[PDB]
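Chains as they are written, first to last, in the entry's author numbering: chain AL21, 2 to 160; chain AL11, 8 to 177; chain AL05, 3 to 295; chain AL10, 2 to 103, 112 to 214. Here the structure comes first, spelled out in structure tokens, and everything after it is commentary.
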Amino acid sequence: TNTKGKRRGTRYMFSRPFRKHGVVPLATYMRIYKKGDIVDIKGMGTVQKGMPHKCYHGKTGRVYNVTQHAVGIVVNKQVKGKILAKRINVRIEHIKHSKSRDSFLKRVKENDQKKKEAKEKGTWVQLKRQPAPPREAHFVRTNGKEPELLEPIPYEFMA
Amino acid sequence: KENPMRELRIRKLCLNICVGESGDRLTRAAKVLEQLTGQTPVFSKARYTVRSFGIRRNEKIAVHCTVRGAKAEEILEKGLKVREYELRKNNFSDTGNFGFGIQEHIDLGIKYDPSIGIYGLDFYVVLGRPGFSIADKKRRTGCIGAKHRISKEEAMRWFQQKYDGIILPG
Amino acid sequence: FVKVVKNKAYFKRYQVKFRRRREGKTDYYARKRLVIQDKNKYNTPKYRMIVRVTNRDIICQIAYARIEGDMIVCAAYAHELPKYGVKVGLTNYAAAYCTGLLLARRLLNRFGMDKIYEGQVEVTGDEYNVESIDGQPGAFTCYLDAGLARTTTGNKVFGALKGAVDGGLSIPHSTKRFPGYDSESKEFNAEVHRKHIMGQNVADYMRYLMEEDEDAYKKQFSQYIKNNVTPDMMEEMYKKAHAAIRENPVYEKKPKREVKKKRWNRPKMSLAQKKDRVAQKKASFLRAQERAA
Amino acid sequence: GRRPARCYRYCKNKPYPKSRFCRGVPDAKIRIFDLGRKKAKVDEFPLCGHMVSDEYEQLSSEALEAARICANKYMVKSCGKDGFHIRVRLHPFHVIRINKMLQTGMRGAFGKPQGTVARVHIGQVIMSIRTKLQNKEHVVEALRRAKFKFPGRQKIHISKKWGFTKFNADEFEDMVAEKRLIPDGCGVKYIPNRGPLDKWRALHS
RNA sequence: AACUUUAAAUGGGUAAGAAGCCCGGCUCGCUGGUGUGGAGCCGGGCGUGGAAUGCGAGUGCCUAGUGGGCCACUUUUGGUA
RNA sequence: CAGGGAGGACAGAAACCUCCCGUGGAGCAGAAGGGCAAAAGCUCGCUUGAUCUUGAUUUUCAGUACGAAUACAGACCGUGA
RNA sequence: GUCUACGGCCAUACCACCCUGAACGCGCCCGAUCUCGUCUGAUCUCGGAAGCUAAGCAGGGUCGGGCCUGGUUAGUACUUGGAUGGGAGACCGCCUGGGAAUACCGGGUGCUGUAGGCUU
RNA sequence: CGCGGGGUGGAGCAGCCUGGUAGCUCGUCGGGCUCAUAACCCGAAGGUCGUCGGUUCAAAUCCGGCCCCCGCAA
């Protein structure tokens, strides 16, 4: 049976990238975090205090409590057929904003921009995203050159 | 029309005595450096034990001192009188420094005394140029550049015009 | 021979440090304990006082950290002192005090806090601290950025600190690094600190050069003779400068005359000229070889 | 003595090289991977042969040793001892295991380091011989006799490369002519147009 | 396999609105150059219900039996098997 | 720092001094992995935050304990400007 | 155009050699009385301005290395799902989708935030 | 191939765990004693600790892979 250590099997996951060792960049330390910000978790091996557990690596949660040097994040963990909404205290070095949420917050702006605009013009502008539709009928121009013929090459033993 | 701060100066003259033994043998040679340099030298301790010499790890085996300014100018002038103003080709280093070893301290002009004894010592001259203090300052440390360096040939010829000392092979 | 150290594999595995660390200007280990702010403040500006002692100038700035880079909200230079009656001696301990006082009073003028938190007007060099007045806007507080300078007793970086505290800034400090602090018995003398603030330590040296030899006095001090600054009135001169700083600490920018828009620099040579150099190098080497045979 | 090669044939487990973990390994039988007139230049041996494997299987060091002698035994009789150069391109690094018994049975059954074996894939060259162009059917015949020492089937192919180099024989004489290749004894050195111009002058003077 | 500069496919989190945005204002003993910052309270205005497809969902008690498994494609450990 | 080169009476392959290169190839109490260069490594100065007391969370988990740890809060401190 | 102070990203920024730097600036530099610390004012600290771009530093160049970014390798290796496909096996072929990395060959060689100068 | 154990002046030995100084019995050699041998007396040498590597400030000492011998496992 395997051991039950906190950092068992974390040889590559908590390791630093190639030629990215040394001093932690200082823009992480001076990035703000509010309540309810969608946040993804990625462990860092330089700072050993406040490391999240290996089950929270790559996961994404939301912030509920903000302390001096760390934030509390509500995360979802699958424990044998059920999902537990648990709370962890993770230091700031391990924390980035999740860029999955901003696309919805981006899109809402143009939905609201195109709702107040063109309402006085009456033009119904489509707002729902649509999946990639089948392409419409079009004409392909073969002006000049005829479509050249392709031949299956004869086999030759490369090795 | 060479630049006035490309003139070759003397940065430091380093003296060292390695008797290879602590106790009364070492502390008497320190007073030799005291009465010659005019300053208290600093003892030099062993890196690790060698049982052949009778020394141990971190055992006091040497004494050394570094002299700056006009006093290093005077002591170097005193030292080459012992070596009658001559040096070998191999004594000069590739970085522009040189040095030599004299047989004993009585040839400088200091009278022997029975309470201390007789001691040999070692000379080494670290030449320099105005602007060599960049590489060892705390604030804005940096290299000196290839043009500003002192080559071995440039250090050998500086000894030729200044002290008129010939360099013969040996 | 022996193996070459800086081979192809050396630069392939080489990680460079930060640009400011390579230039030796920032002390990022201390900067982490510095201006960055606790996460429960949510962009509350953490102000720090940057004091840099340069060979011919003294720079005193107040900044707070931002994600685009920390922003200077107020700055004061030692070369502004000729306006305030200090022609020369722009890099001593007394000049650092006036530079710090000029930064202190200028910041309070731009925030509307000129009349409140006057600070020390009759400087003695004691342990003064600014206290916030109830029913009034709170006193400005900041911290010192020593940088890479060695903070021993009597450093000029703490001279600008004393000028800032006496100007009405609540900077946490202890009177251990100020000059006049006796090391052996662990006590602080305000009169000795006053002399260094009043520039009287320079006054003793100039008078010392009177008795020893006149030739070294003219070599060590030249603009003191040229601007007629004898040791007698520097205590009056700095008191005149202290009063002149507090009455008008505002700064007026120099007008910007139209630039000729010329390039003193060497422009970067393009690829076509780079490719033309080797074609001319190879062609000339061939014809010069042809003359040998 | 040792087990038959039928058991240790297929690529069963992970690669198990000799290291700190796998210690006490006896030395492999094959030690001389190159023979013939190996101290030869590139311009006299243009023709290169091959023995290309056809199965994803493992070749033991003894089979490589046995086929090396048989290829050399015929080649010496044909063109002498210095008209060729044989290259064994498989180095046995995978250590095989033996569960040596003498009761325990399968209690703690982990293998001892019996010997070494070399993994080979389909389309991989086992042995290559460079020689002169006229002596061509000798290479096929010498490699045909070495096929019987190896398990499975494998094919003999005449390379398009100039000897043991990685450049085509038809293009090889061209790159020497305007100085794109420099013969470095047994091999050749490729010189691009990317280095400093001082070495370009040395090649042209 | 107990090496790695690179590096897939498969896979694992999060988001795709009404509990969302945009305003105006109070409270704080929290933080203070500065109604600074944050949080909580209210009041007001915005519905084209803001990807596809499918399906009524949520929730509380009592609770038997089970806790010897085996086989099959692919991956893989030990063993010659 | 490990290491390498060059020099200097004893002194040599190495005892001690000096210069240059040196992304860590040294060291961190230890086996291994991760991490660390104005440091987490080496040397000094001062000290006992290895002190007292509520809670919350993570880790094995049944999501129970013990142990370990993580962010806090109230004190009393140490250290440093 | 450019510099200084504090920075953000942290080699397109580094490394090796060479060339040019008007003005300010940064520095080299001159000394140890005071503050301070060393064997030594070499370092640090303190007090200055005779000389200077020699160096640091800025810029540019090398069919430069490195680094960054593309093509090629290559629809290759590999891989989701499928077959009463082949083969004694080892393995291979086909359908359905996805899709790499060396060698080799091209291009580039720091942007930028705040404050304060200089070229007036 | 497995575990417990040893190898050291010429024959046998001590000294290790708690490393700072290698001792002793017999034996070899030289001289004396006797006409000569023996016995006895005087004097001196002989110990890389099996090999490699690490450690500690230093290795016979502490540790790991390997050669021989005694008897053991099947």
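We put the beta carbon where it would ideally sit given N, CA and C, even for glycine.
Check residue 1 (chain AL10) in the structure and name its three-state DSSP category.
Outside the displayed range of chain AL10 (2 to 214) lies residue 1 (chain AL10), so it cannot be described from this structure.
So if I threshold CB-CB distances at 7 Å, which residues from the stretch 23 to 50 of chain AL05 count as touching chain AL11?
The residues in question are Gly26.
Between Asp129 (chain AL11) and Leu40 (chain AL11), how many whole angstroms is the CB-CB distance? I'm expecting something under 8 Å.
So it is not a contact: roughly 11 Å between Cβ atoms.
Which residue's Cα is closest to the Cα of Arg196 (chain AL05): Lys221 (chain AL05), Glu124 (chain AL05), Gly91 (chain AL05), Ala106 (chain AL05)?
Nearest C-alpha to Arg196 (chain AL05): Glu124 (chain AL05).
Measuring only the C-alpha atoms, how far is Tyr30 (chain AL21) from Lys107 (chain AL21)?
Each residue's alpha carbon lies about 26 Å from the other.
How is the beta strand (DSSP E) around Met136 (chain AL10) delimited, first residue to last?
First-last of the beta strand (DSSP E) with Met136 (chain AL10): 134 to 140.
For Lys145 (chain AL11), would you say it is in contact with chain AL05, using Cβ-to-Cβ distances shorter than 8 Å as the test?
Answer yes: the Cβ-Cβ gap between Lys145 (chain AL11) and chain AL05 drops below 8 Å somewhere.
Could you check the C-alpha separation between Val55 (chain AL05) and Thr93 (chain AL05) for me, to the nearest Å?
Cα-Cα distance, rounded: 8 Å.
Should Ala86 (chain AL21) be labelled buried (16 or more other beta-carbon atoms within 10 Å of its own) or exposed?
Exposed is the call here.
Just to confirm, is the Cβ distance from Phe20 (chain AL05) to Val24 (chain AL21) under 8 Å?
Taking 8 Å as the Cβ cut-off, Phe20 (chain AL05) and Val24 (chain AL21) qualify as a contacting pair.
Identify whether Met76 (chain AL10) lies in helix, strand or coil by the three-state DSSP scheme.
In this structure, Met76 (chain AL10) counts as helix in the three-state DSSP scheme.
Under 8 Å, Cβ to Cβ, is there at least one residue of chain AL10 near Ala71 (chain AL21)?
Answer no: the Cβ-Cβ gap between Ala71 (chain AL21) and chain AL10 never drops below 8 Å.
Would you kindly check if the distance between the Cβ of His86 (chain AL10) and the Cβ of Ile138 (chain AL10) is under 8 Å?
Against a cut-off of 8 Å, the Cβ pair of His86 (chain AL10) and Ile138 (chain AL10) comes out as a contact.
May I ask you to list the residues that DSSP assigns as paired with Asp35 (chain AL10)?
In the DSSP output, where bridge partners are listed per residue, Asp35 (chain AL10) has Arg88 (chain AL10).
Does the beta carbon of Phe158 (chain AL21) come closer than 8 Å to any beta carbon on chain AL10?
Output row for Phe158 (chain AL21): interface = yes.
Counting Cβ pairs closer than 8 Å, one from the stretch 144 to 159 of chain AL21 and one from the stretch 118 to 133 of chain AL11, do we hit at least three?
Counting Cβ pairs under 8 Å, fewer than three are found: no touch.
Could you compute how far the alpha carbon of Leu33 (chain AL11) sits from the alpha carbon of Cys72 (chain AL11)?
Rounded to the nearest angstrom, the two C-alpha atoms are 14 Å apart.
So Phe159 (chain AL10) and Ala68 (chain AL10) are supposed to be a Cβ contact under 8 Å. How far apart are they, rounded?
6 Å between Cβ atoms; contact.
For the beta strand (DSSP E) containing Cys21 (chain AL11), list its first residue and its last residue.
Its beta strand (DSSP E) spans residues 16 to 24.
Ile199 (chain AL05): buried (16+ other C-beta within 10 angstroms of its C-beta) or exposed?
Buried.
For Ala71 (chain AL21), report the span of its beta strand (DSSP E) as first-last.
Here the beta strand (DSSP E) through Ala71 (chain AL21) covers 71 to 79.
Within the chosen definition, does the stretch 171 to 183 of chain AL05 reach the stretch 117 to 133 of chain AL05 through at least 3 CB pairs nearer than 8 Å?
Contact holds: three or more Cβ-Cβ distances are below 8 Å.
Can you find a C-beta in chain AL10 that's less than 8 Å from the C-beta of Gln291 (chain AL05)?
Yes, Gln291 (chain AL05) lies at the interface with chain AL10 (some Cβ there is under 8 Å from its Cβ).
Under 8 Å, Cβ to Cβ, is there at least one residue of chain AL21 near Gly196 (chain AL10)?
Not an interface residue.
If contact means a Cβ-Cβ distance below 9 Å, which residues of the stretch 154 to 166 of chain AL10 contact chain AL21?
Result list: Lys164, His166.
DSSP on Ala78 (chain AL05), reduced to helix/strand/coil?
Three-state result, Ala78 (chain AL05): strand.
Could you tell me which of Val261 (chain AL05), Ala80 (chain AL05), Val231 (chain AL05), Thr155 (chain AL05) sits nearest to residue 307 (chain AL05), measuring between CA atoms?
Chain AL05 is shown from 3 up to 295; residue 307 (chain AL05) falls before or after that span and cannot be answered.
What does DSSP give as the partner residue(s) for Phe130 (chain AL11) in the beta ladder?
Answer is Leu22 (chain AL11), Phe107 (chain AL11), bridged to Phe130 (chain AL11).
With a cut-off of 8 Å, does the C-beta of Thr148 (chain AL11) fall near any C-beta of chain AL05?
Yes, its Cβ sits closer than 8 Å to a Cβ of chain AL05.
Any idea which residues DSSP pairs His95 (chain AL10) with across the strands?
Partner(s): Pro18 (chain AL10), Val126 (chain AL10).
Do you know how far the Cα of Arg23 (chain AL05) is from the Cα of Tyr119 (chain AL05)?
Those two C-alpha atoms are separated by around 38 Å.
How would you list, in chain order, the residues of chain AL05 whose beta-carbon sits under 7 Å from the beta-carbon of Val24 (chain AL21)?
Within 7 Å Cβ-Cβ: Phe20, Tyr30.
Would you list the one or two residues that DSSP bridges to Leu60 (chain AL10)?
Note: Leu60 (chain AL10) sits in a beta bridge opposite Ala127 (chain AL10).
By the criterion of Cβ-Cβ separation under 9 Å, what are the contact partners of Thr68 (chain AL21) in chain AL05?
What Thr68 (chain AL21) touches in chain AL05: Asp40, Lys41, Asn42.
According to the neighbour-count rule (16 or more other Cβ atoms, all chains shown, within 10 Å of its Cβ), is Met102 (chain AL10) buried or exposed?
Label assigned to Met102 (chain AL10): exposed.
Cβ of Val6 (chain AL05) within 8 Å of Cβ of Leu146 (chain AL05)?
The answer is no: Cβ separation not under 8 Å.
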